[PDB]
Amino acid sequence: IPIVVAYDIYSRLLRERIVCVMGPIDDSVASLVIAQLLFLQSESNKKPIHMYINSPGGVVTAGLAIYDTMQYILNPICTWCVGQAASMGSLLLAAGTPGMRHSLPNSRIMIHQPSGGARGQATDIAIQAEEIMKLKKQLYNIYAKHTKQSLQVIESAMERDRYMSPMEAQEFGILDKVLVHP
Amino acid sequence: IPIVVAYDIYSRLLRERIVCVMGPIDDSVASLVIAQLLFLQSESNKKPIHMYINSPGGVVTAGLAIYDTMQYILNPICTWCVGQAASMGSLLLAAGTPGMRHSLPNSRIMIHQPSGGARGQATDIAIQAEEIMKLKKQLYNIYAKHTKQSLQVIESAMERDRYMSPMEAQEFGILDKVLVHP
Amino acid sequence: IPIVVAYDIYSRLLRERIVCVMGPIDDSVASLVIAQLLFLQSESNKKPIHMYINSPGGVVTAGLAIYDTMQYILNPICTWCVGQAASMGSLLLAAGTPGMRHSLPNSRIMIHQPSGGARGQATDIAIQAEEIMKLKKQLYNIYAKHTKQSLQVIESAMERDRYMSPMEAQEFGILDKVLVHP
Amino acid sequence: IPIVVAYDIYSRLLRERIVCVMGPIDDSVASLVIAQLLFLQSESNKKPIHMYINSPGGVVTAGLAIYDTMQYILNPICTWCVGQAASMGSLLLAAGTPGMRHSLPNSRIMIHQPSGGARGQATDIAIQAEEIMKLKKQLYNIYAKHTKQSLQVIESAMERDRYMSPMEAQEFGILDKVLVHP
Amino acid sequence: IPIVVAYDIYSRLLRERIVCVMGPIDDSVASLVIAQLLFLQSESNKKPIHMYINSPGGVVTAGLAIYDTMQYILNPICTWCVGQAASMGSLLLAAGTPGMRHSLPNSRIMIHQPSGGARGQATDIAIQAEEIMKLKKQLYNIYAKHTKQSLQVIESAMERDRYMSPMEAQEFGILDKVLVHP
Amino acid sequence: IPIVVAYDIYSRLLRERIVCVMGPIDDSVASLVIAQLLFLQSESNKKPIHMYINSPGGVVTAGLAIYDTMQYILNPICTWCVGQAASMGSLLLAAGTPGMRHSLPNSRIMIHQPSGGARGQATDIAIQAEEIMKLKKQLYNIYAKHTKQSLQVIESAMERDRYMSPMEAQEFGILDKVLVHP
Amino acid sequence: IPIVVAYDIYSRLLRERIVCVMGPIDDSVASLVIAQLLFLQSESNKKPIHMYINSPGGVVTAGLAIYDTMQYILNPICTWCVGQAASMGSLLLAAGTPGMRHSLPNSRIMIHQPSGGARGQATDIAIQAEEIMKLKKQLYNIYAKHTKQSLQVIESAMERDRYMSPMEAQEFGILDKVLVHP
Amino acid sequence: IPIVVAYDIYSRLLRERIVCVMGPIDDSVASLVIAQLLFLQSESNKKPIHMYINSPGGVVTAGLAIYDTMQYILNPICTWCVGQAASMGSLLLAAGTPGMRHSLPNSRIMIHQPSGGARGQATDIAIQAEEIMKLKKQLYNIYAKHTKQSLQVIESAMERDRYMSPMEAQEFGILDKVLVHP
Amino acid sequence: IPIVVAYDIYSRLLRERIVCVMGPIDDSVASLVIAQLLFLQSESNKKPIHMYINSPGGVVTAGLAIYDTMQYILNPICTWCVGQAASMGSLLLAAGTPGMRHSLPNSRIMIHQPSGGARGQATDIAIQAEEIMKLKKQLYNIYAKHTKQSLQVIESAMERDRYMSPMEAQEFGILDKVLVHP
Ligand SMILES: *[B]([O])([O])[C]([C][C]([C])[C])[N]C(=O)[C]([C]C1=[C][C]=[C][C]=[C]1)[N]C(=O)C1=[C]N=[C][C]=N1
Ligand SMILES: *[B]([O])([O])[C]([C][C]([C])[C])[N]C(=O)[C]([C]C1=[C][C]=[C][C]=[C]1)[N]C(=O)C1=[C]N=[C][C]=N1
Ligand SMILES: *[B]([O])([O])[C]([C][C]([C])[C])[N]C(=O)[C]([C]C1=[C][C]=[C][C]=[C]1)[N]C(=O)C1=[C]N=[C][C]=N1
Ligand SMILES: *[B]([O])([O])[C]([C][C]([C])[C])[N]C(=O)[C]([C]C1=[C][C]=[C][C]=[C]1)[N]C(=O)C1=[C]N=[C][C]=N1
Ligand SMILES: *[B]([O])([O])[C]([C][C]([C])[C])[N]C(=O)[C]([C]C1=[C][C]=[C][C]=[C]1)[N]C(=O)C1=[C]N=[C][C]=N1
Ligand SMILES: *[B]([O])([O])[C]([C][C]([C])[C])[N]C(=O)[C]([C]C1=[C][C]=[C][C]=[C]1)[N]C(=O)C1=[C]N=[C][C]=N1
Ligand SMILES: *[B]([O])([O])[C]([C][C]([C])[C])[N]C(=O)[C]([C]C1=[C][C]=[C][C]=[C]1)[N]C(=O)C1=[C]N=[C][C]=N1
Ligand SMILES: *[B]([O])([O])[C]([C][C]([C])[C])[N]C(=O)[C]([C]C1=[C][C]=[C][C]=[C]1)[N]C(=O)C1=[C]N=[C][C]=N1
Ligand SMILES: *[B]([O])([O])[C]([C][C]([C])[C])[N]C(=O)[C]([C]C1=[C][C]=[C][C]=[C]1)[N]C(=O)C1=[C]N=[C][C]=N1
């Protein structure tokens, strides 16, 4: 990591209210992002915060924690898609404030349904299957809230993997603008 | 394996209409047992067949195949518990013809509910959980048929592992007689 | 393997025109089954042959070779489901001559669509995807031929895993009779 | 870890009397949390301390040490559920001072009974089983103290895995308030 | 294995009503021994059978199956200690008919209590501990039956490992005669 | 391997002048096939020999040895495709005598160019590349000789993997007849 | 890494508006490069930025993110080929502003088509193959935009691996100048 | 590890004359603890030192070194049980100055006899067994000195593992006070 | 193993009352040797038996079982040292009947004391050390009985490894004759 005499490049970016969400999303990544967001709200609760996303997905609880923290703080949040947005990435991209969700021209967006596993006795397996079913329902409700589509459309579009270009995702309601130059 | 000039000990026993079910029950064991039963029925459909059981359990499909083959052939079948009859083994012991199920004085019998696993997408997990639920119902129905207990008693007694001595298993309905000498 | 003074149990069964198809289906299993079928046709081309099936599935080419050999020889063929007929196994069970397909009362039958993989350059991936798609079409045509269902019903019923009891499979057209006793 | 010219993000948060309990709970995590709590009490024994929880569980002794340290110091303690609270997490969340336990709207809470193992001679196994039973009784007593439920309800609700949404956990007595915005 | 033109050495010995129990005792060993005993009873139910023991112990269920089979058949049984008799071996040596238990002059005999393990939830651990305790009681009862000692003496002598020479074991009641020459 | 009292199934088939070429082709397979062909020619040099092929391919030298031995002996040779013929298999299938090459209705045939590797110093790499190029030329010449196609068509058709149904392969010149029944 | 009293050599180079893209291109490399580009634009949006490339290639999404960020910022960008430029390297080298793409005299440039893989059910395989085909189309469009060649020439030249010297790549349109001295 | 601008949390605690003994006890842990104790004595030989214990045990020589260093220095020492004090840990807890040994209300204390191993020739094994026996005698003497119990009680109570709550350990003589609040 | 038309070489040798004890001595070797000795005694109780030894040693219980069986049967026994007689082997060589122990001119004989190990709690270690001490005493008594040396000489000579030529071993009392030709 290069240094700027004495910062590092990511701390220098954080001085400009910029947070990076890169790679797969797990508990360490989620805790780091949440700490940065809380610190930025502590500095000022009226200035916008910019989040750059390049992720293939990750764990449901970590992404839901990030989403809930984003909805909690009072600052307006802008989301920028650079590269990839799959699973929670595409859920985070759509979670920015209306009118402030952007993508670069050569990005890919992917949506699909959650996956998991069960093990043990039959009673245990029943309990775990019920848990994952209601988790799927909750995720679909969040998607329907932020894309302004209907529940039937969301259920139809997420049975299998679905890929989109920025124009297709803008038509779907995941994005607002596709930008070429500042 | 010792030989009897030229048989082996198991073929010499099979000459006396004796089949041995020892160790874990899998597809190879099931196919061997079924082939032996078909051969013995081909030799004669009126003479009794003796089955010695010492097993800790195994796969559901193999044991159900053995049970179905046992119910299909016309010969009367005697079952003998030597050492252990746990899980699928305890299902086979109770499947002999009425009045012909025996145990040795120092044997242990164990009953419990089936186990498994699920993996994949949410739809896949739902399908697999439904399959294992109806498997459990079918097994409970077989147990209730052969022990003359009610369905509620069977469901209560198999929530956890249950261990029994030969007298307790005779009172439950899994056995008819506990023998010390010929 | 027990011996009958000097045969083995499977050769003694083959003396009664009985062939066993047990376990996963691969090239060795297919070659053994085909050799036995050719030998039995060599002995006599007018007597029936009985095939017992307990399999979870296997490779497409081996199962298609077995199916083609079954359709080639002139002998009538009876199929017996003991325990499990899943994936390729369920294709063989339905391939017996009409009026001669049987199952035991506690068996499970499963149907679903084929799976595979692709690797390499984009042109190679396109070629392999085309190959697997036409493989799926051929398998669906065989199923529609032998179950007397329509192609739309077969396509709808095989998108996901589908499990069946002997009565359900008899209603579908995979079986003719469910037998309890000889 | 990003730095603030010179702190790290977690030390900058600790300057605001904020402690993070993230990931599995073991001895290192417990010692770090306890050291931070003692330092914060040293700075001031009248100001509130905030604890953010996102954990799947861990070891009983470490969590009990954290709980005892929380009950020892004189400062009021607020607990915040972000993401997940299972095993000790759900025990720690309920251990905050009354009126100061919060959750985010999309969190999951899980409760169940403890697990372990025994090995060795029969006398050793008896001793270890007695120890784990006493551990279970002590944990149930703590839960009953802090949720205001009866012991029978606690024992009934923890035989199997139990999952809860924030409203359900608020009704159970684990939480006081579910918050959307500051 | 050397051959006697065509037998092997163990089948040649079995022609003289001699059964060898060597090495650790598991399910395969138990099934082989039981098959040989049943065959020898089939040949004649009035002639003595000789059993040579050199074993360090093994599994409880297999040894109890062997013991029950020995007590079931009508033939008198002689036991010969060559080298070692520990755990189940020392249980089998004492199980011969009175007046027919022998040892070689330089053998070692060892007695101790059983061992095991438990795993899982607290209820499971309680069930497993209860099972192993009643197993210990059953083994102690068998020892007291065949050695003519009191239960308190047996419990006192088996808390730790106890080693014995043939004269000490003869005084204890495990043996009848120590022989130097035929 | 089943036995016919005393042959094995493959020796029983060899008594009917049937040779099986199954699985991958390597030096052991080639040696066995060549030995069988020489023995069958020794028995009689005027009777036809039947070869059943189910292979995914293999090594060039072994397949070329089999091809040369097939062209050497004086007996007419029939080839039968059951299941699969890829790489050398498709080369072997086309090598039968004209009018005697058959396939089953559901078989797949595949053709492509050879593959290899080079290593070492630059001079060594040049030598090895020259060797593989002339190997390719020789294989193409054999294909052109036996299919009656032009060299340009063969080079065009084998740049990438090419798959074929029995009717397409009959049109190409690899086969003579597609048979459903004897 | 040597230090310049307190910088490191790469931070000292970054003080001169120099960014290094060395080794394989993955998500970490892409995020670091993008952060450096954003910081350099923050310092000044009118001064040129120099990018040195020595890479064998990498992942498509990371390289496309770097390319999109390069086209977004307003600064003129010079590209310098030192050593190797294969896959995305050659795509990045051609993406500099016209008249500002340079190479050293002994460098190698390579172009080819993308590669990947597919797995799962047939529907999944179809979806993934469609995705990789449209990815190839997008890459070809970018190449045709920046080299001023026609689409047919680009598709012809990328079927196999193609190697070029700096003069050949200058004639192709990937470069403007080959320099020996400043 | 969090920092306090510039200390770490453990150095900040050491500024308050607090030493932490956490985790298993080995030579590195012992050397660190002894160095801290010597430094604290060098700062002042009249002020109390506080030691917090959460350990499952460890090596005998390291713990005896810590014990001897504690008895050597002139400062009064307070011991605090948080979570766990087992094996060597329970020896250190009892080693504090009279009237200054505390525990938290939910801690567990465990006592038992030492363990080891021997290997080699018979003379070596005799020497090593003698060494471990006198080690046991020395440990028992230390326990009897600090708990004010008799040697017979100590030997009777340590044959097997013995578990204690803080009240039971206070009755035994290991502790002075159980505290809920400061 | 070569065959003599149909024996093997070892069975052909056993036809001449020759037993081979080669390689390390363990339970399988001991059981085979004992079975052969019992068979040879069954054939005739007055003819001599010849035993050829080439062994580096082994387990104490197996060798003591062989020694006890050797002293039990009534036949005279000749021992022949070919190559090596070390540890247990040297104990068997000296165990032949007086006047019938021979060696080849270039053999090596080695004597030393037994080795072992102990593990566990201190009481267990004491018990195991006592057991190995009495084992050593019993072995020394056997050596003193068969060599006609005093116990002090045996104790002095086996503290360390001791090597001997046939003449030295004859002087020590392990052998009677060193032979060059029949
Ligand atoms: B995506 O592939 O990242 C996708 C999320 C999308 C549907 C919003 N991920 C998941 O569904 C993950 C996959 C996963 C499983 C196991 C470990 C890590 C990631 N699912 C879960 O995290 C999960 C957790 N609990 C239950 C069910 N699924
Ligand atoms: B027992 O252990 O024999 C028991 C059967 C009893 C309830 C009559 N066996 C099972 O429940 C087995 C356990 C197992 C799982 C996986 C591999 C091998 C054995 N269950 C199954 O075989 C099974 C199969 N399909 C679905 C669910 N469970
Ligand atoms: B089933 O599991 O028996 C099923 C066949 C059913 C649809 C009639 N099998 C397959 O789909 C197999 C799975 C498999 C993959 C790889 C190795 C072994 C088995 N598919 C294939 O064999 C296959 C072969 N070539 C291309 C695609 N799929
Ligand atoms: B949860 O799953 O984290 C749960 C705690 C809940 C009941 C308050 N955990 C446990 O019960 C743990 C599981 C575990 C076992 C072994 C290592 C780590 C974690 N149990 C224990 O820590 C434990 C310790 N001693 C005895 C029994 N159980
Ligand atoms: B001995 O050590 O062989 C002894 C037998 C003696 C007490 C009559 N053996 C056991 O106690 C065995 C040890 C063992 C454990 C696990 C695998 C193999 C052997 N115990 C058991 O077999 C056993 C089985 N179920 C429960 C408890 N113990
Ligand atoms: B096919 O895939 O089986 C194919 C043959 C076809 C062109 C008639 N096989 C080959 O080309 C084989 C692949 C292979 C490589 C290495 C080990 C085993 C198989 N090629 C060769 O055998 C080979 C040998 N020497 C040089 C070049 N290629
Ligand atoms: B080159 O070899 O680096 C080349 C890129 C060129 C065509 C612009 N690379 C790829 O095509 C990579 C290869 C790769 C595969 C897997 C992991 C890492 C690298 N392809 C991809 O990244 C890719 C991604 N998704 C779909 C298809 N291909
Ligand atoms: B306890 O677990 O802390 C306990 C000490 C207690 C009796 C005061 N420890 C031991 O007994 C240790 C166990 C151990 C063995 C090997 C490595 C690490 C730990 N014993 C010894 O350290 C030991 C050392 N030398 C001889 C014998 N035992
Ligand atoms: B020698 O190597 O043959 C020798 C015996 C000699 C003194 C007459 N052997 C032993 O001392 C063996 C070594 C050994 C140890 C462990 C496994 C195998 C071999 N000793 C024992 O067998 C043994 C057994 N129980 C206790 C002590 N030693």
# chains A, B, ... in the order shown; residues from 1 in each chain; ligands from 1
call {"tool": "residues_near_ligand", "arguments": {"ligand": "ligand 2", "cutoff": "6 Å", "atoms": "only C-alpha atoms and all ligand atoms", "output": "list in words"}}
result
residues 57, 58, 59, 60, 87, 88, 112, 113, 114, 115, 116 and 132 of chain B
call {"tool": "write_last_selection", "arguments": {"atoms": "N, CA, C and O atoms", "output": "short mmCIF file (atom, residue, chain, number, x, y, z; two decimals), in the first residue's frame"}}
result
data_model
loop_
_atom_site.label_atom_id
_atom_site.label_comp_id
_atom_site.auth_asym_id
_atom_site.auth_seq_id
_atom_site.Cartn_x
_atom_site.Cartn_y
_atom_site.Cartn_z
N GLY B 57 -26.73 -50.23 12.04
CA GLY B 57 -27.62 -49.45 11.21
C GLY B 57 -27.07 -49.28 9.81
O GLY B 57 -26.16 -50.00 9.38
N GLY B 58 -27.61 -48.30 9.09
CA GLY B 58 -27.16 -48.05 7.73
C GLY B 58 -28.12 -47.16 6.96
O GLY B 58 -28.83 -46.34 7.54
N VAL B 59 -28.11 -47.35 5.64
CA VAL B 59 -28.87 -46.51 4.71
C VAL B 59 -30.32 -46.98 4.66
O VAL B 59 -30.63 -48.17 4.80
N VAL B 60 -31.23 -46.02 4.44
CA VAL B 60 -32.66 -46.31 4.49
C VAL B 60 -33.10 -47.15 3.29
O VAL B 60 -33.90 -48.08 3.43
N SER B 87 -30.93 -48.97 15.07
CA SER B 87 -31.39 -48.21 13.89
C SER B 87 -32.02 -49.19 12.91
O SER B 87 -32.94 -49.92 13.30
N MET B 88 -31.54 -49.26 11.66
CA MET B 88 -32.17 -50.13 10.66
C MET B 88 -32.22 -51.58 11.11
O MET B 88 -33.19 -52.29 10.81
N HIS B 112 -34.46 -44.77 17.16
CA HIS B 112 -34.44 -43.32 17.03
C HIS B 112 -34.97 -42.95 15.65
O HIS B 112 -35.33 -43.81 14.85
N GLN B 113 -35.02 -41.62 15.38
CA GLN B 113 -35.55 -41.06 14.14
C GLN B 113 -34.45 -40.86 13.10
O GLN B 113 -33.27 -40.78 13.45
N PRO B 114 -34.80 -40.80 11.81
CA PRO B 114 -33.77 -40.70 10.77
C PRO B 114 -33.13 -39.32 10.68
O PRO B 114 -33.64 -38.32 11.18
N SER B 115 -31.97 -39.29 10.01
CA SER B 115 -31.16 -38.10 9.85
C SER B 115 -30.76 -37.95 8.39
O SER B 115 -30.78 -38.90 7.62
N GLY B 116 -30.37 -36.73 8.02
CA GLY B 116 -29.95 -36.47 6.66
C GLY B 116 -29.31 -35.11 6.46
O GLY B 116 -28.62 -34.59 7.34
N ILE B 132 -37.63 -35.86 3.11
CA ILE B 132 -37.24 -36.53 4.35
C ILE B 132 -38.40 -36.60 5.34
O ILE B 132 -38.51 -37.58 6.10
#
call {"tool": "residues_around", "arguments": {"residues": "segment 50-53 of chain D", "least_positions_apart": "4", "cutoff": "7 Å", "atoms": "only C-alpha atoms", "output": "mmCIF file with N, CA and C atoms, in the first residue's frame"}}
result
data_model
loop_
_atom_site.group_PDB
_atom_site.id
_atom_site.type_symbol
_atom_site.label_atom_id
_atom_site.label_comp_id
_atom_site.auth_asym_id
_atom_site.auth_seq_id
_atom_site.Cartn_x
_atom_site.Cartn_y
_atom_site.Cartn_z
ATOM 1 N N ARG D 17 -16.244 6.019 23.674
ATOM 2 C CA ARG D 17 -16.824 5.030 24.591
ATOM 3 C C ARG D 17 -17.671 3.997 23.843
ATOM 4 N N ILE D 18 -17.088 3.411 22.801
ATOM 5 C CA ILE D 18 -17.762 2.420 21.969
ATOM 6 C C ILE D 18 -16.883 1.179 21.906
ATOM 7 N N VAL D 19 -17.456 0.027 22.254
ATOM 8 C CA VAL D 19 -16.766 -1.257 22.220
ATOM 9 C C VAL D 19 -17.473 -2.163 21.222
ATOM 10 N N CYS D 20 -16.691 -2.876 20.418
ATOM 11 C CA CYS D 20 -17.214 -3.748 19.375
ATOM 12 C C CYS D 20 -16.965 -5.205 19.739
ATOM 13 N N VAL D 21 -18.033 -6.002 19.743
ATOM 14 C CA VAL D 21 -17.942 -7.440 19.974
ATOM 15 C C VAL D 21 -18.391 -8.158 18.708
ATOM 16 N N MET D 22 -17.440 -8.499 17.843
ATOM 17 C CA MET D 22 -17.727 -9.052 16.528
ATOM 18 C C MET D 22 -17.049 -10.404 16.360
ATOM 19 N N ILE D 77 -24.764 0.513 30.735
ATOM 20 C CA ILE D 77 -24.310 -0.122 29.504
ATOM 21 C C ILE D 77 -25.482 -0.242 28.539
ATOM 22 N N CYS D 78 -25.284 0.230 27.312
ATOM 23 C CA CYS D 78 -26.242 0.079 26.228
ATOM 24 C C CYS D 78 -25.759 -1.007 25.277
ATOM 25 N N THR D 79 -26.684 -1.849 24.822
ATOM 26 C CA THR D 79 -26.377 -2.913 23.877
ATOM 27 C C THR D 79 -27.125 -2.674 22.572
ATOM 28 N N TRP D 80 -26.433 -2.899 21.456
ATOM 29 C CA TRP D 80 -26.967 -2.663 20.120
ATOM 30 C C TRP D 80 -26.761 -3.908 19.272
ATOM 31 N N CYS D 81 -27.856 -4.495 18.793
ATOM 32 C CA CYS D 81 -27.784 -5.655 17.914
ATOM 33 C C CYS D 81 -27.791 -5.199 16.458
ATOM 34 N N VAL D 82 -26.681 -5.454 15.772
ATOM 35 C CA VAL D 82 -26.517 -5.195 14.349
ATOM 36 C C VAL D 82 -26.174 -6.528 13.701
ATOM 37 N N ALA D 85 -27.220 -12.269 16.586
ATOM 38 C CA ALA D 85 -26.978 -12.514 18.014
ATOM 39 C C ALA D 85 -27.430 -13.941 18.333
ATOM 40 N N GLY D 89 -23.979 -14.207 22.279
ATOM 41 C CA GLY D 89 -24.438 -12.910 21.814
ATOM 42 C C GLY D 89 -25.821 -12.569 22.327
#
call {"tool": "closest_residue", "arguments": {"among": "E:152, E:121, E:71, E:61", "to": "ligand 4", "atoms": "only C-alpha atoms and all ligand atoms"}}
result
E:121
call {"tool": "residues_around", "arguments": {"residues": "residue 143 of chain B", "least_positions_apart": "3", "cutoff": "8 Å", "atoms": "only C-alpha atoms", "output": "JSON, numbers by chain"}}
result
{"B": [91, 139, 140, 146, 147, 154]}
call {"tool": "residues_around", "arguments": {"residues": "residue 43 of chain B", "least_positions_apart": "2", "cutoff": "12 Å", "atoms": "only C-alpha atoms", "output": "CSV table (one decimal) with C-alpha atoms, in the first residue's frame"}}
result
chain,number,residue,atom,x,y,z
B,14,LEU,CA,-26.1,-71.2,3.9
B,15,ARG,CA,-26.4,-75.0,3.2
B,16,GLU,CA,-28.4,-75.0,6.5
B,17,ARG,CA,-30.7,-72.1,5.4
B,36,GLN,CA,-29.2,-65.2,-1.0
B,37,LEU,CA,-32.9,-64.9,-0.1
B,38,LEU,CA,-34.0,-65.4,-3.7
B,39,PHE,CA,-31.7,-68.4,-4.1
B,40,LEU,CA,-33.1,-70.0,-0.9
B,41,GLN,CA,-36.7,-69.4,-2.1
B,45,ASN,CA,-40.7,-72.1,-0.8
B,46,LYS,CA,-42.0,-74.0,2.3
B,47,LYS,CA,-39.0,-74.3,4.6
B,48,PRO,CA,-38.1,-71.7,7.2
B,49,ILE,CA,-35.2,-69.3,6.8
B,75,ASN,CA,-41.1,-68.7,3.3
C,12,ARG,CA,-26.2,-69.1,-9.9
C,13,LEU,CA,-28.8,-66.4,-10.4
call {"tool": "interface_residues", "arguments": {"of": "chain H", "to": "chain I", "cutoff": "10 Å", "atoms": "only C-alpha atoms", "output": "list in words"}}
result
residues 112, 113, 114, 115, 116, 117, 118, 119, 120, 121, 122, 123, 124, 125, 126, 127, 128, 129, 130, 132, 133, 135, 136, 159 and 160 of chain H
call {"tool": "select_by_dssp", "arguments": {"residues": "segment 86-177 of chain D", "states": "strand (DSSP E or B)", "output": "PyMOL selection string"}}
result
chain D and resi 86+101-103+108-111+115-121+162-164+177
call {"tool": "decode", "arguments": {"residues": "segment 35-71 of chain I", "atoms": "C-alpha atoms", "output": "compact mmCIF listing (two decimals), in the first residue's frame"}}
result
# COMPACT_ATOMS: atom_id res chain seq x y z
CA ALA I 35 -0.60 -73.67 14.90
CA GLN I 36 2.21 -75.37 12.97
CA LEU I 37 3.73 -76.75 16.19
CA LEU I 38 0.37 -78.12 17.36
CA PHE I 39 -0.23 -79.75 13.97
CA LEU I 40 3.23 -81.36 14.00
CA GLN I 41 2.62 -82.71 17.52
CA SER I 42 -0.73 -84.08 16.34
CA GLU I 43 1.02 -85.92 13.51
CA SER I 44 3.58 -87.52 15.87
CA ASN I 45 4.74 -86.84 19.44
CA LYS I 46 8.12 -88.61 19.22
CA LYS I 47 9.82 -87.19 16.13
CA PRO I 48 12.13 -84.16 16.36
CA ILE I 49 11.11 -80.77 14.97
CA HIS I 50 13.59 -78.33 13.40
CA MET I 51 13.22 -74.55 13.76
CA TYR I 52 15.23 -72.09 11.67
CA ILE I 53 15.58 -68.59 13.15
CA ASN I 54 16.45 -65.33 11.37
CA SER I 55 14.82 -62.51 13.30
CA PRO I 56 15.65 -59.06 14.73
CA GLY I 57 13.19 -59.37 17.66
CA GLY I 58 9.64 -58.32 18.42
CA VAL I 59 6.90 -58.21 21.04
CA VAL I 60 7.37 -59.85 24.44
CA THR I 61 3.97 -61.56 24.73
CA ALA I 62 4.17 -63.24 21.31
CA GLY I 63 7.67 -64.55 21.96
CA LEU I 64 6.71 -65.78 25.42
CA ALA I 65 3.72 -67.59 23.91
CA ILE I 66 6.03 -69.28 21.39
CA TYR I 67 8.47 -70.21 24.18
CA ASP I 68 5.70 -71.66 26.37
CA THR I 69 4.31 -73.71 23.48
CA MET I 70 7.84 -74.95 22.77
CA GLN I 71 8.25 -76.13 26.37
